[PDB]
Structure formats: structure tokens, C-alpha cells
Amino acid sequence: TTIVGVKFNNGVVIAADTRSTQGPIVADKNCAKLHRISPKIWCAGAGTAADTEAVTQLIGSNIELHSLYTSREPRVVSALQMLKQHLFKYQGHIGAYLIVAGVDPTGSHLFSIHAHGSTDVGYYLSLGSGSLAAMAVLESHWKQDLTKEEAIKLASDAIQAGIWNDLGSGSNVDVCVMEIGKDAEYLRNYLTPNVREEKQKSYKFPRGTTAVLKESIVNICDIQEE
Amino acid sequence: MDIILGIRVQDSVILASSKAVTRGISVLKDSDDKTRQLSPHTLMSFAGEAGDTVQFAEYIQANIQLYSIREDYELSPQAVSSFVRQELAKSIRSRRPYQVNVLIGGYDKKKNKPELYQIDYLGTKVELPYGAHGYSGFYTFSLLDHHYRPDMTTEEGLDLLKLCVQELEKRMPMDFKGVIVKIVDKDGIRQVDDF
Amino acid sequence: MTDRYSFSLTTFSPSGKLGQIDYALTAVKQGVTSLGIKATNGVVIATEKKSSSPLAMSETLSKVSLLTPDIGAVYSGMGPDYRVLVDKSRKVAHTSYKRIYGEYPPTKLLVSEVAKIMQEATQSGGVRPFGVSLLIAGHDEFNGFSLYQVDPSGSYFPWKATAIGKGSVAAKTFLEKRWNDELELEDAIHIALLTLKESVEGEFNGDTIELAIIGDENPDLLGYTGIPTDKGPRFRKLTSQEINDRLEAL
Amino acid sequence: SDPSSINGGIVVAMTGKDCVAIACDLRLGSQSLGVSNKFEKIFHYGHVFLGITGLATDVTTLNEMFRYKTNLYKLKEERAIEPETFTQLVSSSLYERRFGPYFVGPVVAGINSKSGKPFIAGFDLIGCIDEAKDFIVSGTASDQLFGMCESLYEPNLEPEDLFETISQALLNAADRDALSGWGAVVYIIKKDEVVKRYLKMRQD
Amino acid sequence: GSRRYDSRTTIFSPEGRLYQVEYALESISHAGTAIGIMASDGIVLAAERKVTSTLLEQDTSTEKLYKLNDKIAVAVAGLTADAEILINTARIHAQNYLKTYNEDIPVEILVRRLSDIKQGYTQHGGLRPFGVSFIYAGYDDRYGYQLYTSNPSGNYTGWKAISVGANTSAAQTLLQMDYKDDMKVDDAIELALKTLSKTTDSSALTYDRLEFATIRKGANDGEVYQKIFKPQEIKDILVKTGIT
Amino acid sequence: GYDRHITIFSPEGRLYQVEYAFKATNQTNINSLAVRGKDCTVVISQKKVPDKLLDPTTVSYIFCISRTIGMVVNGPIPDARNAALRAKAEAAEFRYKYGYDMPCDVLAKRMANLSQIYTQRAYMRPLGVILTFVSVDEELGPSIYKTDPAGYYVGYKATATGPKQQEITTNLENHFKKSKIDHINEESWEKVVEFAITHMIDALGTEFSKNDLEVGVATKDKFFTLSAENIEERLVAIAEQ
Amino acid sequence: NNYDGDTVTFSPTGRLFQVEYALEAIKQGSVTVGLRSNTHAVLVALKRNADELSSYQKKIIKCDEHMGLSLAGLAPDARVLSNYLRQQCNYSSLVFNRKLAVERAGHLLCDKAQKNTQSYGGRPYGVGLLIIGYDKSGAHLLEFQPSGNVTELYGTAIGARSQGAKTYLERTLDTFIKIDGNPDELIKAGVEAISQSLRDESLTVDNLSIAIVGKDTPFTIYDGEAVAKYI
Amino acid sequence: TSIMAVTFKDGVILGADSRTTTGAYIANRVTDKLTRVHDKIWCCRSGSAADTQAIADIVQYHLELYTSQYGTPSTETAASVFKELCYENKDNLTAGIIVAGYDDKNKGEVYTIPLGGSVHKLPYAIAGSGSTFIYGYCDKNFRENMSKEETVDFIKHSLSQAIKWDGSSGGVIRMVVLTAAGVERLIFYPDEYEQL
Amino acid sequence: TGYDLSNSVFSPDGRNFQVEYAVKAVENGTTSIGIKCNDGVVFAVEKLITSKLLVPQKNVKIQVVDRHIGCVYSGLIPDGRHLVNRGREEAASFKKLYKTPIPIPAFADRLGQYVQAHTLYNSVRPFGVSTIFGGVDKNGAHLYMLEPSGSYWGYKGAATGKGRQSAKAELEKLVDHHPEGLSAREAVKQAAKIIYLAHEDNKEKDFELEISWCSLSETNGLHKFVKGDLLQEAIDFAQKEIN
Ligand SMILES: [Mg+2]
Ligand SMILES: [Mg+2]
Ligand SMILES: [Mg+2]
Ligand SMILES: [Mg+2]
Ligand SMILES: [Mg+2]
């Protein structure tokens, strides 16, 4: 997994690859790692995939109820505080490593959070098995006062470094841009540099190839009238 | 304990269970009956860790007898086997699990059919024409796979069972001191006193 | 200390009446009028913003509340009781449904959960019933648009159109004459404004009237773009200006 | 010792043109010992199909649990649960046992009754959802299934062509796994007809 | 302290009656009438909705007839909210039994369970009883078609034909007069509707004031079907039997 | 007639214990007033020290709940301090859990919810107090939110509480009818305090010395109370024009 | 009247009637006397029988080697409170290797009784106690009331007709306080004190109960022929 | 990590490096290790980042609630709250915290709370993995009642050496000055302190 | 009516009659006072000698909390002891967490909230005591008085019990005649006089005087009992003033 977060002029961008694995095997070739906590607060997860999914969904649920209770749009610091206190209580047994980014009435924010409950602040961050490849790109090309277009470019370049150089990462680049005073724009499959080539042969079988012992209709309908 | 076998024939279920009880160095008993009648037409044999086997079997017996009195009705072999499975599935994630494997032989009076269920200590249930627990299957299944017919008489089932026990007595390192054999059919449960 | 009231405070009287529930309904009768009308392509719920003082900012007091993106609620009776029920209703929509099925509950089932909470305050130890009647409007994929009333007893009923509180008897008669199964949402809003004018004494404008609809999906209110299946909330609260525009065509 | 490979078995699911297919082997074993050749691993609740691999006691328990939950769902909702909704229910149910999990590999397959859209999904033992467009695999021969499916699969196969593809994927994967085989079943699922076919295969 | 305000819901009267149970039964006598009739080839459940309105959405409405599982249904007379609490508990019990034994729960076992819950509220806890009476219509393979009733005391009994709610005295006399043992479902449908038509406090019996259900082995072959009648289907059976 | 002793409904659908708690609210015979400026929120309250043996510095009905939120109470001091301690605990817990300062309106709602519970649960009595919360909220700006024993709460442009609330309320109403704006159009908080005192003098018809008043001021990022000498400087400016 | 239904209710004059009713149970009880010098402390108690076939109810209970009490009122309540004192004396010895001060023992009894006067559901204790002891500050005598009020005294009496013994001790104050190093004379003064509370009946061999504690004297109870010497 | 706090004539100054490592990887090279628990009571954190952040947040909550009830807490009080959390939960925590604060009555104070949860009031304190390398330097160069400029130089030079020798320390040198005048943040970059 | 039968019930006036009845028990008790001096506080109490059999100086009424706070009360003595026990727990937990000894205003609220809590439910009875307490902390001397309702304020002088009106009048004279302040030694003398003067409301039985004090200069900010020569000197000063 490769995930990055990058601050820019009027907001923040996050990005991720689309490969999920069980050991050396690729379970899904087009996984969605960019999760929504709230409309304008998004996060990307590395580590145990169920934990990052589960934790995002729990805090996202509680954030929504909090927003309704307070009549205020949710803040990134609230998501951060709730995530870290939940994770700290479970002493690293919930294996969620997240980059959290978003905009709110206070401004634009970018945080990282680790499974044991520690958090950090930054202008550019990377997490996952391809984080070192991504951070190499970020440390080479990051500058202060990036534009929206420059930040999207930098973020996707950092994910590409993970895709090509980290075996744990691959396939496509997903991006989400969160700008102040605007709707967050989720860009699913922003880059597609890994389409499989046409196979040499068709493996469609002739009909009747497989040996069959018994056929029967399965009743999926409910008990009928009359 | 050690060897427990089961075979479902045309009109009955036959359960065979070893008589030996061994506490490490010595054989303390050679006439132990490793079974409990759960209801008039349902029998359960068992094997596993000492103490837990009888404790579990008697606990199940008590519960089925309680159900029988409350409803004035005998549960089907399928229903009893499902109750037993759930208890073992519950047990496997307990503080100290029941280390007990069972066979349930019953005659369903509604369907007029014999039924044999094999359940291990994890709560793994399967309905089978013949079954076993432990190493018993390793020695006997090749004989059962060859000779077994669904239309066998009770007498033919006993003869095939004798061949299985003979193979066990030949190739098994442990002396299990023979088997007690019990038949479950439409008339209930009876013990074959010469085997 | 300890709550030593572990016994029921609502009990059957010799005539079979549950006194505290009847008295709760009496409190609802004294409450300000609220109504709901169901159209073919939407539902409308409305009420009067009876401001306690002109120095009070009545925009900060919300009588019509979002429960889920597709479900809204209004009341008649005791305001504080309503507010806490809205908090519990919002939470139970998540805990007993969204955290299980990954989607918001259908209107009828959320209503069922709110009803259960109100029933329990009628039987549990050391509590009185809630002094409110709720009108809950909503939409979901398989049931379409719907409108429900929930009473202090916990009983709930589905309506084509109805009214509760102060002038409910007169308002329900007014709605019976105007309602048909071919009404468009704008027609239902028009009828809602006409019906509500009868029970209002003083000022009748966008600042004194609270009105919300369950209608089309609002992608402009979603807060993000990129997911085709997510098309936005169906609940929308009308602005002061939007109400006044429809009061000229009244 | 490893709970997910004591009993053995496999499940595979595939999408086609206006159809889905789900298939499984029939073996239940105690490590090396074959115990049952009639242990079906696919279940259905209305029109939603669920395959489960892994520890057999948990397979049985979870089937009973999801029958329980989908029956209550139907009574309250007054409609049959859909594949997308059921997928979330499986995920939620598995994660609630985060630190004492069921040792299983579930697979959901079905067609949404309102949209007509084919749907498949997979999970790890702890609830993480894999929602693939093409295919989902699970069990002790999952590596073999991934290899078969990746090469044999093509999109938009007609029901009777999809049957051949998924059957050959299962059969040849199972024959390279000691703990899988002893029979096989394939479900071909269309919007309002489902056909079940038992396959002839080697019994070793 | 708090004792001052305790009504003591679980005490005997000097005559040996339970005050709250008796008063709950008084409440139920004002609820809409519900009737159950058992035939050789099925069971009928008929019930009257209480003084309705033209603006009530009938096709999505349910206040009388509830499904407990595929084989068992109930007719309600009393507080609807109280009934839904018990109904949900009964639905869970049925599923608990199905999970445990892998067989559908026998009708009486479900009835006994709900009745025991009602009993508890009369003996301990200091809470008011549930103001609900049920008619249970169900089928199992032991006793076949069965009708039961339970009331706030937690007592339950079996019936060939029975009514609960308003005007039960008049309704029971009419049922006792025309009921025969060899009766069929179609005849029982007619009897139920005729009885409601005579006992009703309304001016006339119409489709919008009724809820109707049948449990038939009129399901293709060796199985049982539950049919909760739609508003149009209640309108048709009213014309067929010659009431409207 | 035990429906009058605990919080259950009377035959008229009324809660008498709640109504009687409103009456306890005026037991101190003190009037309070709150107004909003451009950048601030001011709250003033009468101060009465009837005993010469009292230490006048400890006699107060204004509370610093958090750095940003102030609270004035109308009602007996025991119930006032009960509410004050709870509000302080709630505000601190909010900041810890959600990572930002609890808003004035949110605290008001929370305390209003707690009050609602006392009107529904029999074992708990209502508190005989009215709570006026003030702040300069980072999102909503100058804020006044007031809670009562019924569990009711709402925002205010300005507000008054006490035995003579109506006289003060009408006086404030008439001013805002003239100006046609929702606040006091003034730059400095000093002049907003002067406005508040002047209009209380006009409404009650009484003059005030430095010891007769108690003043709380909310600005961006802090709430504070004025000393007697700060109030004296305010009174001098009022008299000199 | 309307305010005596439970211990959680003040009357309009600020009285607690349930506590006052508990105080009344002591007045019905048999008389018991307490007095001390600077070296010793003595309890004298008139035991009460049911009839001529019955035994005489015991009045004096030992709490430790250096402490004990006499009771008047509900005897089971005295058993509860004396058990508590036994435990507290014992806690002090085990944890701190320290004999529990008589004054501190009085404070503990006060607090235990108080909790039963301010809470719903409970009831006040229905017994009065006279605690004697010898600790690091010499001889001590305490009087306990179930209202919670504990008082340190030179001498006192509680129970029926206790006023006669109390007046006698008030006269004799200057004499009996000086009886140092003479246990027999101090008991004589106590027996003479309790005699001022007798009517119709006199002190017999199974009627009288005496206890003493002092400088080199563990708490010991005398009954039967052991008190014939003082009759 | 290299952290220190030093009392001087006008108050107290806290100092820290900015490096956070996961093994040999620098997970954050611009970390802020100087954390605010009250207006003029700050702390330096060492050990588990999760533990010290959790503790600091709880202390900030406790002192905020203290202030609302009892007014401004003393530095001793803040240290006591830190100690209570560290001592009672010693089995489950890995935290080494230096507490520094300014009162007007007590002026500048420094308390160090090592692993076990003991408290030690000192004129100055050093902690973290890098502190081992500057025990000699700090002991030789520390004086009481230094000026602000002298104390800045002392901390700058000290942490410069700690960074030079400790691989777990590095980045920028952050400092927070606590006096009557207020709260001042300082930052010093590698090109400045490496040439010292 | 019936509003006065149960605690925590509001009357139609908005009054808690049970709390008002608790005040009657306080008014029935012996006189106790408190005087705030230049650098500390002085407490004094009237102890009625019911009988000659009472051991002089043994039945101590004034109680210490921590080492810097003194407490005295009038009314039901056991209720006062219960309140002081709680106060001692509150002071201990404060010092445990925050190290510093509990400030007097902080301590005042701890007692206040606890007493107020006994007016919230019908399952408990209000406290039948008014408590005068205080001491020295970092901000100087503080004197408080706390009523059955939970109400408390800071005081220059305080009095409660049967002779409170007499005592209050005497305290008011001291406030007027000493705007600059009173010394600790003066306050002990004055406290003795006021109790002797307040004893006219309890003139039937004779009494025993008990005094305590906390002063920055005289006791190092610790609570101590006035004993021996200093007590006798105060008794002599008091006896001289009544004659
Ligand atoms: Mg194979
Ligand atoms: Mg093989
Ligand atoms: Mg209440
Ligand atoms: Mg840790
Ligand atoms: Mg370094």
C-alpha cells in the first residue's frame, strides 16, 4: 500500500494506489483505499484493511451524530481526537494506520495517525509499504505555496513511485482534492497506467465440455398461493 | 476414551464402543459403557478427555429428558444432533472447552428412517451412513467403503462391524478390550450381549 | 441516593384508562399546530414558529429536524421532550441500523424505533410518558414516500395527510377536501400553507413559519462529488425567502 | 493446528452478462482423513447466495446465524435482503468478533432485484470487503483458483458459457489441492431462475 | 421516600384477583374485535380497525394482524405499542428455536413463552402489565392447525373458534351457533365476516375498516402459505360473501 | 394529589414541579441583563449584600465556565453552583473528546437536555435556576443562550431575567425596534457595558453605585468579570453625558 | 404524626421522630450503671428475666481485653454494634499494633449510627450503650445514644428508672473519682448507685451483673456467685 | 530524542530536537515535542509517542478543569498530575516527561518525571536518548541565574552536541521561553547549530 | 398540601420545606461563632454542661480538616461529624492529585455541593447543621458559613445556633469599630466575650468555652486549639466584660 497527503495553497490533497494483497497474492486489483469520514474529511488507510475500514466507519458515524448535535460542520481535529483515543485504548491491537485530511470552518488540515494512538502534523506525509518510495519523491519536489494543480501532480507522482517500486503497491492512482470553500472532489482511478494486454488465446469452452451428474431447478421464490 | 464406531443400515443404527478405561500405566476397567440414552429412540456414544466425556453426555441427557417431559414429545434425531452441535460450538470458545467427540444414532419415528450423526468437539456435524472418531476411521473406512450397502439388514451390519473390529484388533497397538454393541431401531434401544 | 422509583408511574385505572398517557395527549392538544401532506413525488411537513419573545432569535430553535438524509420530523407538544427524542432517534438510526447494514433505515422502521422508546417511557420504572406527538416524513428505495404519526403511547399510523396539536380537528377537515392521489409536491406545499394560515393568529411569513420537504435528491447539498450512486439528501428545509415567494401565489 | 485448513474446501464466484455464478467443492475432512463428500458450502437467503470456506463448525454456525438475521430482517423490512445490504451485514457480524474471530472465508453472490445488476463480494475472516467486478475466490486452494480465474475469465459471458468457465476453474484448482474435491456444485443465477448442477470429478 | 408514590401493580385484591390484570382486560374490551376460526383445511383471521379516516394510508397500515414467522401469525386486541414489544420478542424466540434445533418452533411452545413473559409482569418487578390480548393462528406437523389466545394474566387456551376485543360475548355466541367441525376455510371466511358484520359498532362493514388473513395448506402440495389480504382483496371477498 | 409532588402529568397535561421550580428562580430578588456588541457579549446583574458580616467579594452569581464561556444564574446559590460545576465539567470533557472548545449554544443544549431529564425522571428534582450562557463564538460570533427548568433553550439578540424581567425586556425591545439591527453597533466593550447599565437604570428606575452591580464581559478567546473599580469608571462615564 | 413514617423526614419543628421512638426503646430497657475512678472503670447492670423458669438476659458484652460495654434496649442491635466495635478494636491491633482509644471508639459508633438516620429504607438502632475502657490516657466511660450522640462522662446510667442512679452519682462525684487502687470499693459505689433505681425487686445472685477494667485488670464480667460478695 | 528545560533569572526555557524515528527510518523530521498543557506550563516528551500524547492530553484536560474551579494551577500541581498518571500506570506506560512552568510567586520551575513515575525538582533537567551524551557538558556549563541570551546559548550548544552523537535525535532545535512577559517560540536550523 | 412531607419537592411558593425544617434543628442547637482576623481565623463554641458528671474539656466539638482548616457547627452533632468526614475525604483526594493542600474556597464548594446533593432526592434527608469553617491558604485567611440548603458565602464574622442574633450584633460592632482589622490574639479575646454574651439565650444551665484558631503569625497557618493560660486569659477577659 502507498498513501500520501499533500497541503497546498487553498486546501489539501490525498492519494492512494489500488492494490490489496493477502501475502504475495493480489486479492483485488482495483481496491478503494480513500475513505470518507465526512463530506469534506477524507482519509486513506494502511495496515489491517478491516480495521481501517471499521475505524473509519465508526468515527464517521459518531462525527455525523456530533455534527447534527452541534449544528456545525465536522472538524478534522475532532476526527483526529476520536480516532487516536479509540486506537490508544486498544493498545495497537486495532492495526489502523491512517492519513487524515480535510477542510472545515477552521481551515485545511493534514494529520497522520498510528495504530498505538500517536498522531503527527505535516505539510506532506506518506504511509504504507511504499511510503519510503513516496517520501523520496515528496522530499525531492515539495515546496511551500504549491498550487492545486502542482499538488495533485506531486501526490500522484508519489503514488506512482510506490506503484512501480513497491511490490505491496500497484495498479491505479486514486485522488481526492479538498479545497476551502468548495465541494471535495473524489477522483476515482485518476490514473490508469496498468491495463492488462490482450491475451494470446480465447479460453471460451465448447458447450457440453463439463461432465454433469444431475440438474435441478432451485426454488428461490416464496411459498406460492392456491 | 478410544474407539467408537457407527453404521446406519436399512432399518436401524448400530453403535460400537470400546470397553477399556486406561489411566496412564494401568487398565482400570474392561467393561465400561461409553454411551447414554438421550431418548427412547436416540443413543449417543462418546470419546475424549477423561471426566469431560461423562459430564457432557449426562448434561445432554438431562436436557433432552427435560424437553421430553415439558412437551410430552420425543425430539427427532436431527433436532437432538443440532442441539448437541450448538453446545459443542459454544464450548469451543469457552474458558475451558469440552474435549468430547460424539456419535448420535437415532431412529426417526416420523420418517421411519434410521439416522447417524458424527459430531466432533469443535461442533463439526455431518450425517453419514457410517462414521467414527479418532484413529478408528483410518482402519475401518476402507472395509466400510467396500462392503456397505444402504439396503443391508441388521444382521449384515453386525457382520460388517465384526470385520471392522477384527481389523482394529489386528493393526491397532492399544488393547481396547473389545466393544459393547447397541442397536437403535423402531422398537427402541437394545444391547447385543454376545460380541 | 440511587433511583428508588423502580415501579411504574403509569398504571391502568378501574375503567381501563392509562391516565398518564391520556394526560400526555392533553399536553399535545395544547401544543402549536403542525401538519404533513404526502404528494406523488414528495412529502411536506410544516409548523408555526411560535416565538416566546421578540428578543429571542427563533432561527436558533428548530422545530423541524433532520433525522436522516431522507427522513425529517416535526412535533406538537412539549419542545424539550421533542429535542431529546430527536437526539435518540438520530443515534438509534445509526446504532440499530446503519452500523449493521451500511445504509440508513427505511422510514417505517425508524418510526418503529422511536415508537419503542416512547412505549418504554409508558411502562418502565420511575418515568413519565413523552408529552409529544411526532409527524415523521421520509423516503426510501423500496417503500417510496411515506408519512407517519407517533403518539405518547408509542402507537404509530401512516397518513396520506394529517395534522396534530391546537387546531388539528379543523385542519384535518380542510385537508380531506383538498387531498387527492394526483398531487404534485408544489400543490402539497400550497395546500400546506393554506391549511396552516387558519391556525395562525399573528404574523404569517417565512420568518414565522417553518417548512421542510422530502423530495428529489439534492446533489448540491451532498458536499462532495465523484461517487455516482451518492446523489444527495432528499430532506430539504425551505428558506424564509422560498416560503415568501409561494405566499404571493397564495 | 491452523484453524482455516483443518477441514479444507473452496468457493469461487463469477459475474457474467445479466447473471452470476457461485461454486464450491463438497469435501469435509479431519486433516488427512476424508470424512464427508456431501458437505455443501453454499447457502441462500432468498435470492442472495453465501459461500463459506474454512473451519466447518464456524461455517455451520454462520449459516445458522445469517438465516437467523435475514429472517428477522424480512419480517421487519417486509422484503428480501439484497446482495449489497447482506454484504455489509456479513462484514459487521464478522468484525464484532475482532479479537475472537470465526475462522472463515465468506463469499457473497447475487443479482439486485430492483436494478438487475450482478453482484459478488469476498471477505477475510475479520470482515474486510473485497468487491471485485470479475471474480472472488476463497479456501485452501485460493492460490490455484486465482491462477485459473485470471486466465480463464473474460467479461460478459452468457450463463451457459459462464458455467463452463467457473466449473473448469473449480475442478482444476481442486485437483491441485489435497484438502479439496470429493465432488462439486455450481449455481447459475439469473434474475428469476437459478440452476444447480453437480459435477463429475475424480474422487481422490 | 419513594414508597409513597408506588401503586403496587402486582398485588391481590381481598377477593384474590389481580387489580391491574382486571383493569387491563377492561381496556382490551374497548379495542377493535378480532376473530379466529379454525377449519380442517386452514385457519382464518379477521379483525376490525378502530374508527378510521379517509386520509389514513391503508395499504401500508398494520395495527391488527402480524406475522411471527412463515407458519404462525397473530391478531392483536389492545395497545398496539405494547403488542409490538411482545411481537418482536416472539419473533426472536422463534428464530432462537430454529437455530437451536433446526426445526420450526411448534405453535404451543411459542405461545407458552409469550404467555410466561406476560405472567412475570403480574408477579414481580412492580411494572404495569401489557394491555394486550393475542389470537395465535399457526401450523406445525404435530397438531396441525391450531388457534390459541393469551391475555394480560399470562393465561392461554386453545380454540376451534374465538374472539377478542369488543363485543366478545355477542361474537362468541354467534360463532358457537354456526360453527361445525367438518367446516372448510371458504365457509370459515364467510362466518368470520358475517360475525363481524353483526357485532360491529360501526354503521356498515367496509374494506377500509378490516384486516384479513388466512393460513392454508392451499400452498402447492405439502406446505403452508400465509396470506395477508390487500385492501382490494378484502373488498372482493366482501362482495363474494354478499356483505357489500 | 401526588401529581403535584413529582414530575408526572396533571389532568391538564401540566408539570407542577417544573412550574414551581420557575418560581424558586426569583427567590434571590435579583435581575440580570445580557446584550451583544459587534465584537463582544456583555452580561450585567444586580448585586445585593444585605449583611454587613458578609465578605462582599465572595457574593456572586456570575461564573467563568470556560475560558470563552461565561454564565449568569437567576435562582438560589446552591442550585446555581450545582449547575456551574456541571457546566465546567461538561465543557472540559467536550474539549478533551472532540479537540475544540465547546460552543456556547452546544453547552446550553447539553444543560437543557439534563434539565429535560429531571422533568421526566421522578427521582430527580428540577434545579430552581435559569442559566444565561454568553460568549463570542468562533463560528457564530457574539452569542446569548438561555436555559430554564423546563429544559427549554433558545438564542437571543438580547435578554433579561428576574422579578422585573418584563420592564427590562420591553425597554430592550423598543431600542432594537428603532435601530433595526440585532446588536449594539459599538466598537469597544466598555461602551457596550455602558449601554447595558444605562438601559437597566432606565428600565428599573434605580441608580447604581459600584457595589450594586456585577458585570461579565465576553470577547474573542476570553470571558472575564469586572472589578468594582472597573465598574466605577463605567458609572463615571455614564454620568458625564 | 405525619412526619414519623420514616427516618428521612424532619418535622416542622426540626425533629426526627423515628430517632425519638428508637430513644424510647432504651427507656423501656432494664437499668445499667457506669462509673470510673482514675485507675479503674466499672459497669453494673440489672438483668431482666422473662419469668421464673427463664434465664436473666445478659447485659454486658466484651469488645477487647481493654474495652467493653453494657446495653439497654434492643439486644440484637447491641450485638450488631458490639460486633462492629470488636472488629474496629481488632483492625487497630492487627494493622497498627495499637489498642483502640476509647474516645476514637465512640467516634466510630457515632458515625455508624448516623448513617441509619439520614437514609431511606433503613431504621435507627434501638439500643443505648455504656462503654468503659482503659487505654493510654487512663480510665474512660462513654454513653452512646442511637441518635449518634456519644458523650464522655465520670459516671452515668441508662434504662428504666435510671434518673435515681444518675442523681446519686452526681452527689457522690467527688468521692468515687478518688477511689484509686481499690476495685472492690469502686464496685460497691456502683452497686449502691444502681440500688437507687430499684423498686419492689432487689439485687439477687442471678439478677446482678458487674464488669470491671483498669490499670492491671483485663475487661472481666462477673455473674452468679461471683457477685454474692457485693449483695 | 533530545529534550531539556533550564531555569534562569527571568523564568524557564524548554528545548527539543524534531526527529521521530521508527527504527532507522525518520518518520517525522519536523516534530514538535514541546507541548502546552497550560498557558505558562509546558512539557517535553520522551518515550512512546502514543503514551506521552495520551498523558499530555489528559493533563491538559485536568488543568483546564482545575483552572475553571480554582484558578491558575502551580507548576508543582501540574507535575503532580503528570506523576499520578505515570506512577499508577507504570506497568502499561513508557513515558519520560520534563515539566516546566512560570509562576509570578515561584518564578521558573523544572520537574523531571522518569520511567518509574518519581518526581524530581531540579534547576535544570535533561532527558531522551540523546541526553546521555551531554551529562558532562551540561554539568560543566550550567550556572544559576543566567540571562535569557545565555540560557538560549546553553540549550542551543547542549542539544547541538546531543544531535551530533545521537542518531535518534536531529532536525531543527525548537525552544519555548516562559517569562512574565509571555510565551515566545524559537526555532534554530541545522546550518546554524551544526557550525557551533 | 403534603409538599412538606417529602424532600426535594417544590411547594407552590418554590420552597423546599424539608430544608426549612432542617434549619429549625440548627436554631435549636448551641451557639457557635467564627471571626476573621488580620492573618487568620478564630472559632468558638458554647458547650452546655448538662450534668456535673460530664468530664471537663473532654467532649471536644470543634474539628480539624487536613492541618489548616477548622470546622464548627450547631444543630445535630452527628450530622456535623458526617459532613466533616466527607470534607476530610475531599481534602485528601485534592491533595493526592494536586499536591498542594486544598484552598479554603475550593474546600467550601466541596462541602456545598455535598450538602446541596442532599436536597435533590426524597431518599435522603437534609443536613441538620449549619457549619462555620475556614483557615489559611496561599491567598490568605478565609471564613465561611454553610447552611442546610447547601448555600454558603464568605464572611468577616459568622454565628449560628440559639444565640445567633446576640452574637451577630456583637460581630457587627467589631466590623464597624475595626475597619483596619483585628489581631489574632484580639480575636480570641473577642470570641470568648461573644460566646459569654450569647449564653444569655441558654442561661438555665452553665457552659464550657472552647476556642480554636489558625493564624499565619501565631500558629504558622495550622489549626490549633486554644489551651491553658491563653484560654484562661480569654475567659477572664470575657468574665470582666459581662460584669
Ligand atoms: Mg483434490
Ligand atoms: Mg486422496
Ligand atoms: Mg423530576
Ligand atoms: Mg503503550
Ligand atoms: Mg542526529
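Just so it is clear, the values below take in all heavy atoms, side chains as well, and ignore hydrogens, waters and symmetry mates. Start at 1 and go down the list; that is how both ligands and their atoms are numbered. Each chain gets a letter, A, B and so on, in the order the sequences are listed, and its residues count up from 1.
With a cut-off of 2.8 Å, the protein N/O/S atoms near the Mg ion (ligand 2) add up to 1.
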Side-chain donor-acceptor contacts of residues 32-39 of chain D below 3.5 Å, not counting sequence neighbours, with atom names and distances?
{"residue": "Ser36(D)", "atom": "OG", "partner": "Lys38(D)", "partner atom": "N", "Å": "3.3"}

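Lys156(H) has no carboxylate O lying under 4.0 Å from a charged side-chain N of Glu149(H), or vice versa, which leaves the two without a salt bridge.
Taking 4.5 Å as the limit, some side-chain heavy atom of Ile189(D) sits within range of a side-chain heavy atom of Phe49(D).
Qualifying ring-ring contact (aromatic ring centres under 6.0 Å, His included) partners for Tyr153(D), counting only residues two or more places apart in sequence or in other chains: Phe135(D).
The aromatic rings of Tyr130(B) and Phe141(B) sit tilted, their planes meeting at an angle between 30° and 60°. Taking the six-membered ring for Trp and thresholds of 30 and 60 degrees, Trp142(A) and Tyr124(A) have ring planes inclined between 30 and 60 degrees apart.
If you look at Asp166(H) and ask which of its N, O or S atoms sits nearest the Mg ion (ligand 5), the answer is O.
Sorted by first and then second residue, the pairs that involve residues 203-213 of chain A and meet salt bridge (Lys or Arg N to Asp or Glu O under 4.0 Å), not counting sequence neighbours, are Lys204(A)-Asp161(D), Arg207(A)-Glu160(D), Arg207(A)-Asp161(D).
Inclusion of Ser169(H) in the first shell of the Mg ion (ligand 5) is supported: an N, O or S atom falls under 2.8 Å. Inclusion of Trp182(D) in the first shell of the Mg ion (ligand 1) is not supported: no N, O or S atom falls under 2.8 Å.
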